[PDB]
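What follows is a short report on a single structure.
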Amino acid sequence: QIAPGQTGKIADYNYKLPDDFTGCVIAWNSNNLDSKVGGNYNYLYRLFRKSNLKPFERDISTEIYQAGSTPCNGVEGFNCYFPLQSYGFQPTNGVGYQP
Amino acid sequence: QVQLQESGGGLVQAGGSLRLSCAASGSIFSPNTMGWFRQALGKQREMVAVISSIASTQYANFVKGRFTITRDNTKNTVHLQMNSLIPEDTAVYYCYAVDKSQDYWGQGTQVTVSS
C-alpha cells in the first residue's frame with residue numbers, strides 16, 4: 001500500500017501518496033527487532049475516519065468516531081469507537097502479519 | 001530518550017483506593033497530552049482517560065465519577081487517583097504521551113482488586 005495511486009486502509013487513511021511521486025519506498029521486516037513474545041501493542045492503527053486524507057497529511061487526533069447517528073462526545077459506546085487499535089506483533093506470526 | 005516512570009499499583013481489596021504516578025522525562029515539548037489506558041488479559045487497550053495542557057480532563061463511561069487525574073506543572077507529572085475500585089478494574093494500565101512527535105508508552109502497573 002506504500003506506492004502512489006494506491007488505496008487501502010493505510011493508503012486512504014494513514015499516509016496518502018500523490019500519483020506524482022519522485023522518490024523511493026524502502027522497507028525491511030523487523031521480526032527480530034519489533035516483535036515480543038507477549039505481543040507488541042505499542043504501534044497503533046486507525047481503521048475509521050470521517051474522510052480520506054490529502055497527500056503527506058498527518059492527523060494525530062484521538063477523537064472518537066461516530067459510526068451511528070448519535071454523537072459520541074468523546075466517549076465510546078454503541079456505535080462509538082476509539083480511532084486506534086493496536087497490532088499483535090509476535091515472533092511466531094506469519095509473513096503477512098510480521099513487522 | 002523519552003522515559004515515563006509509572007508506579008503506585010498493586011493488590012487492593014474491593015472498595016479500596018490507590019494513587020498511580022507517571023513522570024515524563026526527555027524531550028516532552030510544552031504542548032503535551034498525558035493519558036492512561038487499560039488492558040486486561042484478553043482485551044485491547046482501553047483508554048481510561050486523557051488530560052491536555054489546557055487542563056481539561058476527559059474520562060470514559062466505564063468508570064463514571066470514580067477515577068481522577070491530577071497534574072503537577074512544576075515537574076510536569078501526573079497522578080491517577082484510583083478510588084471506589086471494582087473487580088472489573090482488574091487490568092494492567094499504561095501511560096500515553098501524545099506530545100507533538102514520536103509517542104512513548106510506559107512499562108506497566110498491575111492493578112488487582114478482588115475478594
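Residue names in the C-alpha cells use chain letters A, B, ... in the order shown, residue numbers from 1 in each chain, and ligand numbers from 1 in the order shown.
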
Could you give me, as a Markdown table, every chain B residue with an atom at most 7 Å from chain A, plus its closest atom pair and distance in Å to one decimal, counting only C-alpha atoms, rows ordered by chain then number?
```
| residue | atom | partner | partner_atom | distance |
| --- | --- | --- | --- | --- |
| B:60 | CA | A:75 | CA | 5.4 |
| B:61 | CA | A:75 | CA | 6.6 |
| B:105 | CA | A:42 | CA | 7.0 |
```

Chain B: which residues are strand (DSSP E or B) by DSSP, as an mmCIF file with N, CA and C atoms, in the first residue's frame?
```cif
data_model
loop_
_atom_site.group_PDB
_atom_site.id
_atom_site.type_symbol
_atom_site.label_atom_id
_atom_site.label_comp_id
_atom_site.auth_asym_id
_atom_site.auth_seq_id
_atom_site.Cartn_x
_atom_site.Cartn_y
_atom_site.Cartn_z
ATOM 1 N N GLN B 3 11.349 9.007 28.630
ATOM 2 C CA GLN B 3 11.066 7.952 29.593
ATOM 3 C C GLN B 3 9.888 8.351 30.469
ATOM 4 N N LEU B 4 9.002 7.394 30.731
ATOM 5 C CA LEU B 4 7.843 7.606 31.593
ATOM 6 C C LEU B 4 7.927 6.634 32.763
ATOM 7 N N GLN B 5 8.020 7.177 33.972
ATOM 8 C CA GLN B 5 8.069 6.378 35.190
ATOM 9 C C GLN B 5 6.658 6.239 35.745
ATOM 10 N N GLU B 6 6.175 5.005 35.850
ATOM 11 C CA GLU B 6 4.844 4.727 36.371
ATOM 12 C C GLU B 6 4.940 3.829 37.594
ATOM 13 N N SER B 7 4.179 4.184 38.625
ATOM 14 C CA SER B 7 4.259 3.492 39.906
ATOM 15 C C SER B 7 2.939 3.649 40.644
ATOM 16 N N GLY B 10 -0.774 -2.363 42.531
ATOM 17 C CA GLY B 10 -0.666 -3.483 43.437
ATOM 18 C C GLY B 10 -2.009 -4.143 43.666
ATOM 19 N N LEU B 11 -2.090 -4.881 44.773
ATOM 20 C CA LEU B 11 -3.289 -5.617 45.151
ATOM 21 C C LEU B 11 -4.044 -4.858 46.232
ATOM 22 N N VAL B 12 -5.328 -4.604 45.989
ATOM 23 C CA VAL B 12 -6.169 -3.877 46.936
ATOM 24 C C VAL B 12 -7.535 -4.546 46.972
ATOM 25 N N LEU B 18 -6.090 3.713 45.444
ATOM 26 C CA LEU B 18 -4.683 3.730 45.072
ATOM 27 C C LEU B 18 -4.360 5.074 44.439
ATOM 28 N N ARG B 19 -3.068 5.337 44.251
ATOM 29 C CA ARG B 19 -2.627 6.552 43.565
ATOM 30 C C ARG B 19 -1.429 6.207 42.686
ATOM 31 N N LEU B 20 -1.686 6.039 41.392
ATOM 32 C CA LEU B 20 -0.636 5.835 40.410
ATOM 33 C C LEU B 20 0.028 7.164 40.060
ATOM 34 N N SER B 21 1.231 7.070 39.504
ATOM 35 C CA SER B 21 2.012 8.240 39.135
ATOM 36 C C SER B 21 2.816 7.950 37.877
ATOM 37 N N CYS B 22 2.777 8.897 36.936
ATOM 38 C CA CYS B 22 3.602 8.882 35.732
ATOM 39 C C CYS B 22 4.382 10.187 35.656
ATOM 40 N N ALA B 23 5.704 10.071 35.605
ATOM 41 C CA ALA B 23 6.609 11.201 35.452
ATOM 42 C C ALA B 23 7.289 11.111 34.095
ATOM 43 N N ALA B 24 7.278 12.214 33.351
ATOM 44 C CA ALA B 24 7.807 12.252 31.994
ATOM 45 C C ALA B 24 9.153 12.965 31.977
ATOM 46 N N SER B 25 10.142 12.338 31.344
ATOM 47 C CA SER B 25 11.468 12.911 31.174
ATOM 48 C C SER B 25 11.895 12.752 29.721
ATOM 49 N N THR B 33 0.152 15.967 25.949
ATOM 50 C CA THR B 33 -1.123 15.387 26.355
ATOM 51 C C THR B 33 -0.847 14.025 26.970
ATOM 52 N N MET B 34 -1.177 13.874 28.247
ATOM 53 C CA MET B 34 -0.873 12.671 29.007
ATOM 54 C C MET B 34 -2.170 11.922 29.297
ATOM 55 N N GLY B 35 -2.196 10.633 28.962
ATOM 56 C CA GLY B 35 -3.376 9.826 29.157
ATOM 57 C C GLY B 35 -3.023 8.465 29.726
ATOM 58 N N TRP B 36 -4.046 7.803 30.252
ATOM 59 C CA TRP B 36 -3.916 6.482 30.845
ATOM 60 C C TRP B 36 -4.853 5.512 30.140
ATOM 61 N N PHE B 37 -4.340 4.303 29.887
ATOM 62 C CA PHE B 37 -5.014 3.265 29.120
ATOM 63 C C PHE B 37 -5.070 1.980 29.937
ATOM 64 N N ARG B 38 -6.101 1.176 29.679
ATOM 65 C CA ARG B 38 -6.364 -0.066 30.395
ATOM 66 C C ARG B 38 -6.169 -1.265 29.473
ATOM 67 N N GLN B 39 -5.639 -2.361 30.021
ATOM 68 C CA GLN B 39 -5.609 -3.628 29.297
ATOM 69 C C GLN B 39 -5.717 -4.776 30.286
ATOM 70 N N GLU B 46 -7.782 -0.104 26.461
ATOM 71 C CA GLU B 46 -8.959 0.698 26.757
ATOM 72 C C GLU B 46 -8.505 2.030 27.334
ATOM 73 N N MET B 47 -8.799 3.118 26.625
ATOM 74 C CA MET B 47 -8.389 4.440 27.086
ATOM 75 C C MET B 47 -9.128 4.775 28.374
ATOM 76 N N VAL B 48 -8.393 4.858 29.479
ATOM 77 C CA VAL B 48 -9.012 5.176 30.759
ATOM 78 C C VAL B 48 -9.383 6.651 30.751
ATOM 79 N N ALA B 49 -8.419 7.516 30.434
ATOM 80 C CA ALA B 49 -8.696 8.952 30.443
ATOM 81 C C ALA B 49 -7.539 9.715 29.808
ATOM 82 N N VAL B 50 -7.750 11.021 29.620
ATOM 83 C CA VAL B 50 -6.781 11.895 28.953
ATOM 84 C C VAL B 50 -6.833 13.283 29.588
ATOM 85 N N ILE B 51 -5.668 13.930 29.697
ATOM 86 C CA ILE B 51 -5.555 15.339 30.065
ATOM 87 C C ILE B 51 -4.573 16.014 29.117
ATOM 88 N N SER B 52 -4.881 17.246 28.727
ATOM 89 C CA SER B 52 -4.008 18.036 27.875
ATOM 90 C C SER B 52 -3.356 19.150 28.694
ATOM 91 N N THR B 57 -9.929 17.652 31.392
ATOM 92 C CA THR B 57 -9.883 16.231 31.705
ATOM 93 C C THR B 57 -11.020 15.522 30.982
ATOM 94 N N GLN B 58 -10.702 14.403 30.333
ATOM 95 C CA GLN B 58 -11.677 13.618 29.585
ATOM 96 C C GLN B 58 -11.649 12.191 30.109
ATOM 97 N N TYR B 59 -12.818 11.674 30.485
ATOM 98 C CA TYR B 59 -12.957 10.343 31.059
ATOM 99 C C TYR B 59 -13.969 9.532 30.260
ATOM 100 N N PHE B 67 -12.685 7.774 38.922
ATOM 101 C CA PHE B 67 -11.252 7.925 38.711
ATOM 102 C C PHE B 67 -10.916 9.386 38.435
ATOM 103 N N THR B 68 -9.784 9.855 38.970
ATOM 104 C CA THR B 68 -9.416 11.260 38.796
ATOM 105 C C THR B 68 -7.960 11.397 38.369
ATOM 106 N N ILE B 69 -7.664 12.498 37.674
ATOM 107 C CA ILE B 69 -6.326 12.809 37.181
ATOM 108 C C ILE B 69 -5.875 14.133 37.781
ATOM 109 N N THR B 70 -4.649 14.159 38.300
ATOM 110 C CA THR B 70 -4.050 15.348 38.886
ATOM 111 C C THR B 70 -2.743 15.681 38.175
ATOM 112 N N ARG B 71 -2.499 16.978 38.001
ATOM 113 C CA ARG B 71 -1.336 17.491 37.290
ATOM 114 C C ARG B 71 -0.358 18.141 38.258
ATOM 115 N N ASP B 72 0.929 18.063 37.925
ATOM 116 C CA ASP B 72 1.971 18.840 38.587
ATOM 117 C C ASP B 72 2.740 19.592 37.509
ATOM 118 N N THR B 77 4.303 16.289 35.908
ATOM 119 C CA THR B 77 3.972 14.898 36.186
ATOM 120 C C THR B 77 2.467 14.739 36.352
ATOM 121 N N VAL B 78 2.022 13.485 36.422
ATOM 122 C CA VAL B 78 0.601 13.182 36.514
ATOM 123 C C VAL B 78 0.389 12.098 37.563
ATOM 124 N N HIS B 79 -0.713 12.217 38.299
ATOM 125 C CA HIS B 79 -1.105 11.229 39.297
ATOM 126 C C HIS B 79 -2.544 10.800 39.056
ATOM 127 N N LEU B 80 -2.760 9.491 39.002
ATOM 128 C CA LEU B 80 -4.083 8.902 38.811
ATOM 129 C C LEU B 80 -4.599 8.434 40.167
ATOM 130 N N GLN B 81 -5.630 9.104 40.677
ATOM 131 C CA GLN B 81 -6.263 8.696 41.928
ATOM 132 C C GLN B 81 -7.359 7.683 41.604
ATOM 133 N N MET B 82 -7.191 6.465 42.139
ATOM 134 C CA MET B 82 -7.934 5.270 41.751
ATOM 135 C C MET B 82 -8.841 4.879 42.913
ATOM 136 N N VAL B 92 -3.900 -4.249 33.793
ATOM 137 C CA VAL B 92 -2.649 -3.504 33.789
ATOM 138 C C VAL B 92 -2.833 -2.216 32.996
ATOM 139 N N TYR B 93 -2.323 -1.115 33.538
ATOM 140 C CA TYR B 93 -2.529 0.199 32.949
ATOM 141 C C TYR B 93 -1.214 0.739 32.402
ATOM 142 N N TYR B 94 -1.334 1.597 31.390
ATOM 143 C CA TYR B 94 -0.180 2.165 30.708
ATOM 144 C C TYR B 94 -0.387 3.656 30.482
ATOM 145 N N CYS B 95 0.722 4.360 30.268
ATOM 146 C CA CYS B 95 0.721 5.798 30.051
ATOM 147 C C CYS B 95 1.013 6.119 28.589
ATOM 148 N N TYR B 96 0.385 7.187 28.097
ATOM 149 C CA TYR B 96 0.479 7.596 26.697
ATOM 150 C C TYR B 96 0.710 9.099 26.637
ATOM 151 N N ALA B 97 1.855 9.507 26.094
ATOM 152 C CA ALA B 97 2.196 10.919 25.929
ATOM 153 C C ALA B 97 2.029 11.283 24.457
ATOM 154 N N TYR B 104 5.309 7.727 23.160
ATOM 155 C CA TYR B 104 6.040 6.858 24.071
ATOM 156 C C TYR B 104 5.077 6.263 25.085
ATOM 157 N N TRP B 105 5.226 4.970 25.351
ATOM 158 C CA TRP B 105 4.390 4.258 26.303
ATOM 159 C C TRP B 105 5.191 3.870 27.541
ATOM 160 N N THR B 109 1.643 -1.049 35.095
ATOM 161 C CA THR B 109 1.358 -1.010 36.526
ATOM 162 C C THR B 109 0.212 -1.968 36.805
ATOM 163 N N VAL B 111 -2.786 -3.577 38.581
ATOM 164 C CA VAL B 111 -3.845 -3.175 39.497
ATOM 165 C C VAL B 111 -4.792 -4.355 39.647
ATOM 166 N N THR B 112 -4.870 -4.914 40.853
ATOM 167 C CA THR B 112 -5.722 -6.065 41.115
ATOM 168 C C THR B 112 -6.666 -5.741 42.262
ATOM 169 N N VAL B 113 -7.946 -6.059 42.073
ATOM 170 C CA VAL B 113 -8.997 -5.797 43.049
ATOM 171 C C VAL B 113 -9.959 -6.977 43.027
#
```

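Using only C-alpha atoms, the contacts of residue 99 of chain B at a cut-off of 8 Å, with sequence neighbours closer than 5 positions omitted, comprise residues 28, 29, 30, 31, 32, 33 and 34 of chain B.
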
Segment 93-98 of chain A surroundings by only C-alpha atoms, 12 Å radius, close-in-sequence under 3 positions cut, as a list in words: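 After dropping sequence-adjacent residues, the list is residues 28, 29, 30, 31, 32, 33, 34, 35, 36, 37, 38, 39, 40, 87, 88, 89 and 90 of chain A.
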
Written selection (C-alpha atoms) as a PDB file, in the first residue's frame:
```
ATOM      1  CA  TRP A  28      12.532  -4.273   5.814  1.00  0.00           C
ATOM      2  CA  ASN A  29      10.941  -6.884   8.181  1.00  0.00           C
ATOM      3  CA  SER A  30      11.659  -6.195  11.904  1.00  0.00           C
ATOM      4  CA  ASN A  31      10.679  -9.748  13.016  1.00  0.00           C
ATOM      5  CA  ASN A  32      13.704  -9.959  15.397  1.00  0.00           C
ATOM      6  CA  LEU A  33      13.540  -6.268  16.396  1.00  0.00           C
ATOM      7  CA  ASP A  34       9.951  -5.162  16.979  1.00  0.00           C
ATOM      8  CA  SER A  35       8.092  -8.342  17.953  1.00  0.00           C
ATOM      9  CA  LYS A  36       7.905  -9.654  21.513  1.00  0.00           C
ATOM     10  CA  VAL A  37       6.625 -12.950  22.883  1.00  0.00           C
ATOM     11  CA  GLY A  38       3.597 -11.358  24.547  1.00  0.00           C
ATOM     12  CA  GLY A  39       2.672  -9.159  21.590  1.00  0.00           C
ATOM     13  CA  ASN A  40       3.872  -5.616  20.870  1.00  0.00           C
ATOM     14  CA  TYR A  87      -1.138  -4.687  16.467  1.00  0.00           C
ATOM     15  CA  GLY A  88      -0.301  -8.210  17.584  1.00  0.00           C
ATOM     16  CA  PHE A  89       3.366  -8.204  16.583  1.00  0.00           C
ATOM     17  CA  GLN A  90       4.598 -11.633  17.692  1.00  0.00           C
TER      18      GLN A  90
END
```

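Restricting the calculation to only C-alpha atoms, the smallest distance between residue 5 of chain A and any of A:71, A:58, A:18, A:78 is found for A:18.
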
Expected answer as a PyMOL selection string: helix (DSSP H, G or I) residues in segment 10-77 of chain A: chain A and resi 10-14

Using only N, CA, C and O atoms, please write the residues we just selected to a file, as a PDB file, in the first residue's frame.
```pdb
ATOM      1  N   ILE A  10      -4.312   1.866   4.898  1.00  0.00           N
ATOM      2  CA  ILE A  10      -3.124   2.697   5.053  1.00  0.00           C
ATOM      3  C   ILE A  10      -3.064   3.761   3.965  1.00  0.00           C
ATOM      4  O   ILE A  10      -2.813   4.939   4.241  1.00  0.00           O
ATOM      5  N   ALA A  11      -3.300   3.362   2.713  1.00  0.00           N
ATOM      6  CA  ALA A  11      -3.162   4.298   1.602  1.00  0.00           C
ATOM      7  C   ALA A  11      -4.257   5.357   1.604  1.00  0.00           C
ATOM      8  O   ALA A  11      -4.053   6.451   1.064  1.00  0.00           O
ATOM      9  N   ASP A  12      -5.421   5.058   2.182  1.00  0.00           N
ATOM     10  CA  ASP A  12      -6.507   6.029   2.223  1.00  0.00           C
ATOM     11  C   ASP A  12      -6.568   6.784   3.545  1.00  0.00           C
ATOM     12  O   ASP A  12      -6.878   7.981   3.556  1.00  0.00           O
ATOM     13  N   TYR A  13      -6.275   6.116   4.666  1.00  0.00           N
ATOM     14  CA  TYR A  13      -6.363   6.739   5.976  1.00  0.00           C
ATOM     15  C   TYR A  13      -5.034   7.098   6.608  1.00  0.00           C
ATOM     16  O   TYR A  13      -4.986   8.068   7.366  1.00  0.00           O
ATOM     17  N   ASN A  14      -3.953   6.381   6.329  1.00  0.00           N
ATOM     18  CA  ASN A  14      -2.769   6.698   7.109  1.00  0.00           C
ATOM     19  C   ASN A  14      -1.881   7.703   6.404  1.00  0.00           C
ATOM     20  O   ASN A  14      -1.711   8.822   6.905  1.00  0.00           O
TER      21      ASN A  14
END
```

Two-atom distance - atom CA of residue 65 of chain A, atom CA of residue 80 of chain A (Å): 5.9 Å
